[PDB]
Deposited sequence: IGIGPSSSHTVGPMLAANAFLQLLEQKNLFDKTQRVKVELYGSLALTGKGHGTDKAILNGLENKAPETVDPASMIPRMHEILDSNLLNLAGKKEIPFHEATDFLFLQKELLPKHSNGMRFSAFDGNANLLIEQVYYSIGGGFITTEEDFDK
């Protein structure tokens, strides 16, 4: 909308951040948290498929079967590239009762190594329809 386009672009951006930071090779787990209006959409209403496909390097410019295969296999093909365990129950959260502060359409991406250590987290907002911004760039 973007409850699909912006979320997908944020996933693409997160992937590029992992490369820019040389944290991709260390990443063994990712977690996505949805807030406000994105969270209120709920499971299987676009935003989840948009993000999971975007974390596999699909760009807005098939999505629902592929979501199904990621959930069935518990493997996310990160960036192309590298298969990691993925468990929806712990790794993809719809936080319908919370808001990030700049805006309703908030999302947080996190990458962990194999020892449970947080490597990086990044907040993006989908700001409509279809642009994204980091938390840090929001006010500019």
Deposited sequence positions missing from the model - stretches, numbered from 1, in order: 1-6, 68-72
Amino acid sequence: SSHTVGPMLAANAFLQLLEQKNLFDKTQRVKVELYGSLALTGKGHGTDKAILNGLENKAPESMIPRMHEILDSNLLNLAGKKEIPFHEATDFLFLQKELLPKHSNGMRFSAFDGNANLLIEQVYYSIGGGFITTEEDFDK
From here on, numbers count along this sequence of modelled residues.
Selected stretch [higher average CA B-factor]: 31-39 or 76-84: 76-84
Mean B factor on CA atoms, stretches 86-94 and 44-52, record says higher is 44-52
Largest Cα B-factor, entry values, listed residues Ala59, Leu71, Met107, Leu99: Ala59
Determine, from the deposited record, the chain-internal third of the Cα B-factor for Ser126: lowest, middle or highest. middle
